[PDB]
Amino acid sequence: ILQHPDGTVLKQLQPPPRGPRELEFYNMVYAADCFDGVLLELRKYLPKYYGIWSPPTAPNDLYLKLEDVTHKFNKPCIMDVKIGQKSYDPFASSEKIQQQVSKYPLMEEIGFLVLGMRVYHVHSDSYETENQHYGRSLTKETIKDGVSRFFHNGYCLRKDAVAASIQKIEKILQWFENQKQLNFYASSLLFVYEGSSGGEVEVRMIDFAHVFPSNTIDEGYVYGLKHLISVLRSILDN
């Protein structure tokens, strides 16, 4: 992810088949002639898509030009959460399944994994960050406190941002409960709130290298969303 001052990010296409698949996803959803109500509704929860982009001198180097979801914030607090019970897709080899499950064997049970967070603290005027090892260390016993960490500024627990997050996830959950044409693997929710304000949050779906046609509800994604909502709800009782 490369931030541009014009309020966009450039995401470099991952190696094949992942990068081409994510390009195809965005191209399908943002098709100029799309009249599918499911895909039109989905646009509200994605970064705005500005099409494929490559440097003027390097047609080989493929990027997606996407809305920077953090752009409108002064001191954005950012958390990336992978959603689902399986981080591998329906066409993974035995090797690949074992690789993905070993990366976080609690994915089936918890339904989400914190990929990282960047939290602005008022009283130090600085950012703590957690890398992928943080979320991969979280268990059933520590997931609530693990998630809570995102909402701790230098002073209080930002229950305002917690409640707003629930309300926005609920809309995304509503979309998932009203569609049976896409299943999403190893995709994420990007949380942003203002660290410098009240109840102002972004929650956007990102990372679509493993999105596939389906005939069913995305049950794994629904489970992950519902557990995440339940965890956030319990934090409101702190």
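Throughout, we count residues from 1 along the sequence that is shown. Here the rigid core means the biggest group of C-alpha atoms that line up within 1.5 Å when the two forms are laid on top of each other.
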| item | value |
| --- | --- |
| Core-fitted comparison in 9 other deposited structures of this protein, 161-169 vs 106-114, farther C-alphas | 161-169 |
| More shifted region, core-based fit in 9 other deposited structures of this protein, 80-88 vs 148-156 by CA | 148-156 |
| Count class of deposited residues lacking coordinates, residue 181 to residue 182 | none |
| Stretch with the higher entry mean CA B-factor, where the candidates are 186-194 and 43-51 | 43-51 |
| Residue stretch of maximal mean CA temperature factor, 77-85 vs 153-161 | 153-161 |
| Top residue by Cα temperature factor, when 63, 35, 175, 208 are compared in the entry | 35 |
| Residue, from 120, 104, 112, 134, that the PDB entry assigns the highest Cα B-factor | 120 |
| Entry-reported Cα temperature factor of residue 28, expressed as the chain third it lands in | highest |
| Assigned third (lowest, middle, highest) for the C-alpha B factor of residue 14 | middle |
| Within-chain third of residue 169 by Cα B-factor, per the entry | lowest |
| B-factor third for the C-alpha atom of residue 147 within its chain | lowest |
